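Submitted below is the structure of interest, expressed as structure tokens.
Chain naming follows the written order as A, B, C, D, E, F, G, H, I, J, K, L and M, and within any one chain the residues start at number 1.
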């Protein structure tokens, strides 16, 4: 036989809380990172890429030839 | 216009609409994060058999939970108000167009040089031509020059309406006795739709707005042909 | 501002009666003279059918629908002008 | 003594799930509802003008 | 909370009756109007 | 024993794990043998049998901690019944479609949708991300 | 005038189980019935007027 | 300037208003207008709780400024203790003719 | 003086979304000017700017209503 | 005996029960109107008729849910039942005037149902803006009947508010300060101060509308020098405080229900919760023009209303985090009332956060008058005020009736309602961001998918509302009588038994000062 | 006095569950049916 | 038997009759405005008058005759009366807001000026200043009445209260005469709308306060008040000061500043 | 304020009071289990001996159940506390809940 060692007995709820609030913070940072990357940055880059060499007269000509306008045939 | 199953805003047609989309993305992350933190903390409080039911001291923790929200609000308000003062900045329009709301259709007046004005009514569903959009098309579109700063002035001759074009970030109420101004600048040619946005009686759902954005010289000839 | 009047050191009804007959009713008697002095009819102005006046968006619920509740023929024109 | 949930819990869970799935699938696919999904990857564009 | 057993127990069958009558009381009158809408309108 | 409605203002018994020693005993009236067992409890507890100890416990308390904390199968009934009534709702929606809704507009016919889709692409609806962005104007097909 | 409040105090305090709105005697009953008949009658009349006004007159 | 003719409460108050005015004149509080002052609350010196029946609700504000009040019925008999702070209360029934 | 008029310029007197008083003030200014001209024998062409600005800004129905009321003798603004 | 007891009541419990019955009946009317809305929108095209009949239905939906369901249940029903018992008072200060607050409601509701019966109804929106609500675009009696319905409801709540303030300030035990009253009592007092100051302003604005429609005044008619926008300011000077009036007694019940089912003797941070409710009541009077960001106001005025509106998130967050800290360490009892309160905490937080989105004027330009606003406010009303009401009703039903509910059925009811209201409102965020307007009887075809799903959601909530009526019938049919209740030392309203006698606290509690 | 106790502090009777079911059906049922009949009324008129 | 000081009121029909009178007055104004008939409205005004009369009669029975107004009951009624006055102050604030909104930013229809083109305001130094002196004087004479009552002086209480009521009536007759003589009407745009609706609600409150002082005058004649207990008189004095302060704000805002 | 050792010492002394009464025994255990801790063996030992002076065997057993319950999912805590109490359990003849079958659901 052998005695069982004394385990921690005090502040168990506070300890679990401390551990998980920090966990929740770390997650929030790792979500913020992913969200900036998958949504916000992606959007900025879609708009910057679209307009970089965008030719509005050429876009207009394609629309006009497709017959979409009242004012331009 | 909106497309089926759409989740977010219509793509931006104007730089101020572009600004709103990035400011929405910023704000929504925050919304995402706070809601998730709350849902998570809730599940954390509810998933243990350990208890602590005696009186708990509140002062320390209330500082965190006042100061961090205050900071998050200032991080939303700084860019929010930058954009607000941006839209308000002086910009020198090249053209002024008026629109008057009516039950139930919009009229347009372009009177910088000639007396050009006309009415703009929804195309009835039984008269749509194949490919045209139910409740959105009009008989006479609001033709305007692309890539130019336009002053739109909005009022009504009867009850309230409101003149909106979501892809340009626009919504200005149409109030009789009042002349409200907004500015419009499209980065691109094309057709940009909106719908009356103040309850105005039996056909509120059925008086839409269609802008037709084209090069200046096409706009001038169209203006002349509409006299 | 104390006013220019001046007391305390006891109290009450006798002082407020002194104020009622010594100050308040004299002021009413004075304003009553002043008023009944600038009284009696002033010349009614030319009628002009201004559209922000004599509003009628629905008949009144009394009379012929076109007279205001305490209509005074001498000084209140109708939408079409002073009465005959 | 077993209560209501011990005696009938499994059957209530099994049958309510089977029934719920069956009637939603049917309502969603068999009675002419137009969900109007995105055309993207689904519709071949056709000449309109 | 604790409480006494029911003074007037409502058996599974009686609950089925109360539930059905309660659902019918909402469903039938509205159903009758909505079924006859075309009659009210293109009247 | 028997709790009465007209005893509401008196201290009462409760099993709950955060109030382990309730304000009164579960059983206060004692039979002849139960009175003899309460006298025996004044002497050494080593001389009580296991059954006598369990009888003293059940005079003082109603349920043990393991009894009062036990888990139940109630969740099956709740989730199953909720799914039933959600399933019942789809019956109402089938009835509504069959007897209340008429034909939806002609703009949802397949050929209309094809033409409207081409016309939305010809006017480059949402050309940055939302709609026309997903069309390949070089290969004339939906982007992969 | 003379102060007859003590007489009203005895009247309103008489132990006859009457609620205060009827404790003054038979005139309270009359004024109560007149009030309630005009209220309930006027309410039926207001319903009649709704039924009338709920349909076009033409 | 002045004269009389206005009855006083002594002459004309009646009913409950009069009972309260007459009891207050004697330093008494049969209608519970004042808050009772606590004793030290020990078993030898319990708070004495008057009542006209066989039980009365006590609220115990255990420490000054606690926002939480602890409520329980106090019955005729042996002193009882507040279940949060233990201070002692004892019911003293009777009459309304105290 | 300043032709190639495109539209009414920004006016720091009326910098906000509500432009009703901009239209009204230009309509007034035009008609006041025109009365001051023609009267003193001078030329209405000097009032042209106000005329262009109110034409640009004002709804046709406001102008038309105000013109009718000036004719009827019921225009409430001072000219 | 019947008429003396139930038409001539001066008893706070019975009049509380009258308000509960009236609010439950109103709730079945507001539920039917909400299903007519979602039947119209549940497929593309026109079901009922054009926007007139449709917005008559939309307008009545809102007035019935707000004035005849939520305010009567929370303040008339739970406020009258609980407030006197929670302070040991023998009744309200003005028990007879209290009964007139109740009886003015059936006539107010009758006027509202008359408005919809005569002419073509009042299809104006619950904001009743002119000129659409004036005598040319809404000729005839409907809108004046709606104005009068609002006058009667306004008087009923103004006299109610006087009664609650007076009772709460004046009828506590002499040892109890206001910082020893429970949070639900603070929430009713604060809400009653908001009613007292805001209702007379709405009464003034709708009276002006009445005289513009019938006495040839021109408060809101530019032909006489009036301004339609002035009506909007007077209405929303009331209408913002009104949404805090609809939620505050819900926050007070949530604090009680969370504390009780966490097995705690008190809510976390009591004086912080008091401070938070008074700050939100105060800030709720200086923000109203966030309902008018597209009307053409000046830029600095839109900057101030954006910022002052956002600030309300601070005291509101204190309450949400304090409810979380109250669960923390609790011996959690997963009762059906607890589930309603946990649903409240999370879904109110979602709708408060979309409110924060909307406080941003530059973004609100594009979101205003679209379904994004509709999603915001149904998360705080159908999943906040309603969840607090169903949580408090299942919690206190055994006190009011003496009978228990079947907890399994009540959990099933909570599960069906939770799925149905999220299915109904969650997709309206997408409809609003992509630009679908409010108050429309039909939509362009692209909006079909989310409207169909939202309409399917509303039917699942209809099944929950029908099952709730059955669950209440079951409890009265089986008559399981309450025996003991936990934690009475910190929930005084239970200590007189279930139901309490008609007169309680005839002998007041004993509370010493020390 | 008035009756006190479970089932007696309410303006409706719960002495018989079936008669109760009828009254509750009429009560909630009339509130839920009313807006459908008003809509029917507004359609019939014109 | 209770051993608290609060008043359990006997069951009463007046809350239901007052609620029904409100339905009858509002459905009556509706029938008057739209169906050309005064019948419902006269029945509602009558039931409303009967309801107030019997309800306040009963409060006098409960207090003066039955003794239920202990100090704790009176203190409640003080709060009740203060809160009711606050709600009436907010009701007037909505009309003052309407007045300032329209006058501070006069629209083009008015001529873009205040007072509008075509409006000839009353001279504020004539009958309006007289009305101001009249209500201020009546706030001095009610204060005299209040102190005589506290000092036990029946005759001077009645004399000062009579004077206060006579000034209320004089203001009401002077106002009725100025309404008749005024060359503008309630249909004269937003100037006539704000003028008549704001001064007209104020005149109604002067009539209500004068009625209330008349009720106090007859109770005083019947000896109901003691030198220390007379809450009906204090409430009517607070309500009367309220009506005088609302007049002062109307005089400064609408008659003076808005002329 | 106080060390863990001082907290424990005050509780030991509370339950060691010779003439502790039944009400004080319940008040002490029902307050103590409100804290964020499982009570040390020496506190429980003194509460069990108070049970003995008050001739209450059942409450000694219930105290052992509440120790196990306050440990939540830390299943190593209760067996350690029983090991530390065995000399007192044997000396007082206290059976554990498990030895009585009262751990069975």
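Keep this in mind: a residue touches a chain if its C-beta (ideal position, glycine included) is under 8 Å from a C-beta of that chain, and two chains touch if they have at least 3 such contacts.
Protein identities per chain, from UniProt: A = Cytochrome c oxidase subunit 6C; B = Cytochrome c oxidase subunit 2; C = Cytochrome c oxidase subunit 6A2, mitochondrial; F = Cytochrome c oxidase subunit 4 isoform 1, mitochondrial; G = Cytochrome c oxidase subunit 7A1, mitochondrial; H = Cytochrome c oxidase subunit 5B, mitochondrial; I = Cytochrome c oxidase subunit 6B1; J = Cytochrome c oxidase subunit 1; K = Cytochrome c oxidase subunit 7C, mitochondrial; L = Cytochrome c oxidase subunit 3.
Q: Looking only at C-beta pairs in contact, point me to the busier pair out of B-F and A-M.
A: B-F
Q: Select the chain at the greatest separation from chain K, using centres from the mean of Cα atoms.
A: It is I.
Q: Which whole number of Å gives the spacing of the CA centres of chain D and chain F?
A: Here chain D and chain F have centroids separated by 22 Å.
Q: Compute the distance, rounded to whole Å, between the mean C-alpha positions of chain B and chain D.
A: Taking the mean C-alpha position of each chain, the two centres sit 36 Å apart.
Q: For chain I and chain M, let me know how many angstrom lie between their CA-based centres, rounded off.
A: 94
Q: If you average the Cα atoms of chain C and of chain K to get two centres, how far apart are those centres in Å?
A: Roughly 56 Å separates the two chain centres.
Q: Give me the residue numbers in chain M that touch at least two other chains, ranges are fine.
A: Only 33-34, 36, 69, 72 qualify.
Q: Going by the touch rule set out above, which residues of chain L reach two or more other chains?
A: 1-4, 10-14, 16, 20, 23, 27, 33-34, 65-67, 72, 107, 109-111, 116-118, 148, 151, 153, 156, 186-189, 192, 223 - these are the residues of chain L that touch more than one other chain.
Q: Return the residues of chain A touching two or more other chains; collapse runs of consecutive numbers into ranges.
A: Residue numbers touching two or more other chains: 12-14, 17, 43, 47, 59, 63, 66-68.
Q: Can you check the complex and tell me which residues of chain J touch chain E?
A: Touching chain E from chain J are residues 28, 32, 35, 39, 47-49, 398, 403-404, 462, 465-467, 469-470, 473-474, 477-486.
Q: Okay, in this complex, where on chain F does chain B touch?
A: 18, 105-107, 111-112, 115-116, 118-120, 123-131, 133
Q: Given the complex with chain I, which residues does chain B contribute to the contact?
A: On the chain B side, the touching residues are 90-96, 98, 100, 109, 111-112, 115, 117, 151, 153, 155, 157, 172, 177-182.
Q: Under the stated contact criterion, what part of chain J meets chain L in this complex?
A: 4-5, 7-10, 89-91, 93-100, 102-104, 106-107, 110-111, 114, 140-141, 144-145, 148, 151-152, 155, 158, 161-163, 165-167, 169-171, 196-201, 203-205, 207-208, 211-212, 214-219, 222-227, 230, 233-234, 237, 503, 505-508
Q: In their complex, what parts of chain M are in touch with chain H?
A: So the residues of chain M in touch with chain H come to 23, 27.
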